[PDB]
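Novice: My questions all concern the structure below.
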Amino acid sequence: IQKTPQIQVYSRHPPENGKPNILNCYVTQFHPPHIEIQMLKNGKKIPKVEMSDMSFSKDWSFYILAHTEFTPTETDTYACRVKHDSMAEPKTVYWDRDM
Amino acid sequence: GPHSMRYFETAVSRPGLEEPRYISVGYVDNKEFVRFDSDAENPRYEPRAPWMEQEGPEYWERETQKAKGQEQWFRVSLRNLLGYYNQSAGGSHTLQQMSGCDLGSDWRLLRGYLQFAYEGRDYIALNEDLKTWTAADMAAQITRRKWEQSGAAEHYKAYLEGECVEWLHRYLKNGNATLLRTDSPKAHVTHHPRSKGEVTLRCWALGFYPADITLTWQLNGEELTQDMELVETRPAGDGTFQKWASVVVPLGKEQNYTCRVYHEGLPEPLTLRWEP
Amino acid sequence: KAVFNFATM
């Protein structure tokens with residue numbers, strides 16, 4: 001039976017506007033292992049997202065780190081959208097640089 | 001300190017394509033060092049950290065034949081489980097396994113592990129005694145009787161007490177100036193105004209390995225579990241981890257609040273406040 | 001070193 005994914009979106013490094021960085025979308029605690037992850041800039045899919053290999057925790061649940069290069073600005077908004085069988089609709093979370 | 005080795009194996013069936021995908025990941029001290037994947041063009045145990053390239057072709061060829069054996073083992077087991085649970089065709093199914101050993105700091109076996117899950121759910125496990133089996137499910141009882149009658153537990157006990165220990169000893173010596181490191185966290189506190197008369201203080205810990213860590217807040221004395229928000233520890237993507245914990249606080253009376261960071265790389269717990 | 005399994009389930 002299904003386990004719904006938990007998502008966090010955050011930068012690898014302290015975010016500074018105009019300085020290149022890496023944006024992460026860490027998706028954990030899900031089952032079954034088949035999942036769809038897109039990272040978004042201003043609502044549009046970012047085309048070249050790196051996907052770590054499938055792994056699982058000692059509680060049997062799966063997790064994945066997705067990441068991409070990006071340059072934070074004052075104006076653009078980033079997000080991660082996750083499609084999985086535990087959810088009737090996709091789940092979006094937005095990047096907040098303070099959290 | 002203490003040490004461990006684990007192999008985490010997975011086989012996934014899907015309605016269409018004619019054979020399950022099988023994947024095995026090995027870890028030494030919770031860090032990846034080998035990997036086999038049946039979807040790969042060259043299905044073979046490839047190395048995963050610099051220090052494993054010391055192994056000759058005879059090591060990789062044996063390990064790879066082992067993985068091919070496991071794949072077929074997972075394949076038949078998946079079939080058998082479908083029947084045991086009166087599941088029809090046309091669905092997706094998961095079989096997972098964890099196995100390995102924990103050594104103490106004295107390099108002796110502390111514990112062996114062998115565990116299986118079906119559909120993400122405990123199916124059967126070898127008990128700590130390495131002699132008897134735990135299986136909760138009615139369906140799992142068939143596997144348990146089969147394995148009791150075949151002396152399966154003896155076979156796994158020998159691997160866990162023998163090969164698992166002997167070869168982990170070997171792996172630690174090869175990467176000694178590699179896995180004998182821990183990065184201490186760097187903590188700082190940030191300040192975030194909210195609904196006035198109040199403000200969120202957010203304690204950050206960055207660049208640490210391994211992932212286990214604890215962040216507390218104190219109102220001048222006693223810890224605060226309510227309503228202290230935190231996030232789950234997360235990979236930064238470069239081998240290190242990040243965490244924060246926050247507490248909401250009266251504006252102006254915020255120098256009363258202290259944050260502590262507990263990590264195994266610290267010579268002692270760190271202590272921190274908001275610094276305007 | 002990987003385990004190799006005994007009887008199937």
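Ordered as shown in the structure tokens, chains take letters A, B, and onward, while each chain numbers its residues from 1 and ligands are numbered from 1 in the order shown.
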Any chance you could tabulate, as CSV, the residues of chain B at most 8 Å from chain C with each one's nearest atom pair and distance in Å to one decimal, using only C-alpha atoms, in chain and rising number order?

Specialist:
```
residue,atom,partner,partner_atom,distance
B:7,CA,C:2,CA,6.6
B:26,CA,C:2,CA,7.8
B:63,CA,C:2,CA,6.9
B:66,CA,C:4,CA,6.5
B:67,CA,C:2,CA,7.9
B:69,CA,C:4,CA,7.5
B:70,CA,C:4,CA,6.6
B:73,CA,C:8,CA,6.2
B:74,CA,C:8,CA,7.9
B:76,CA,C:8,CA,7.0
B:77,CA,C:9,CA,5.1
B:80,CA,C:9,CA,6.7
B:81,CA,C:9,CA,7.3
B:99,CA,C:3,CA,7.5
B:143,CA,C:9,CA,5.0
B:146,CA,C:9,CA,7.7
B:147,CA,C:7,CA,6.7
B:150,CA,C:7,CA,7.5
B:152,CA,C:6,CA,6.0
B:155,CA,C:6,CA,7.0
B:156,CA,C:5,CA,7.7
B:159,CA,C:3,CA,6.8
B:163,CA,C:1,CA,7.1
B:164,CA,C:1,CA,6.5
B:167,CA,C:1,CA,6.3
B:168,CA,C:1,CA,8.0
```

Novice: For residue 195 (chain B), find every residue with an atom within 12 Å (counting only C-alpha atoms), except residues of its own chain fewer than 3 positions away, and show them as an MDAnalysis selection string.

Specialist: chainID B and resid 192 198:200 248:251

Novice: Could you list, as a ChimeraX atom specification, every residue within 10 Å of residue 93 (chain A), counting only C-alpha atoms and ignoring same-chain residues fewer than 5 positions away?

Specialist: /A:6-9,25,39-40,78-82

Novice: Identify, with DSSP run on backbone atoms, the residues in region 47-265 of chain B assigned to helix (DSSP H, G or I), and express the list as a VMD selection string.

Specialist: chain B and resid 50 to 54 57 to 84 140 to 149 152 to 161 163 to 174

Novice: Residues near residue 29 (chain B), anyone? I mean within 8 Å using only C-alpha atoms, not counting same-chain ones fewer than 6 positions away, as a list in words.

Specialist: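 Counting only C-alpha atoms, the residues come to residues 3, 4, 5 and 179 of chain B.
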
Novice: If you keep N, CA and C atoms, can you produce a file of those selected residues as a short mmCIF file (atom, residue, chain, number, x, y, z; two decimals), in the first residue's frame?

Specialist:
```cif
data_model
loop_
_atom_site.label_atom_id
_atom_site.label_comp_id
_atom_site.auth_asym_id
_atom_site.auth_seq_id
_atom_site.Cartn_x
_atom_site.Cartn_y
_atom_site.Cartn_z
N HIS B 3 31.47 0.20 13.47
CA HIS B 3 31.39 0.10 12.02
C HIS B 3 30.29 -0.86 11.57
N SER B 4 29.95 -0.80 10.29
CA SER B 4 28.89 -1.63 9.74
C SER B 4 29.01 -1.84 8.25
N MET B 5 28.36 -2.89 7.76
CA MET B 5 28.15 -3.08 6.32
C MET B 5 26.69 -3.51 6.05
N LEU B 179 37.06 7.03 5.05
CA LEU B 179 35.87 6.91 5.91
C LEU B 179 36.15 7.19 7.40
#
```

Novice: Using only C-alpha atoms, determine which residues of chain A fall within 7 Å of chain B; present them as a ChimeraX atom specification.

Specialist: /A:1,12,31,60-61
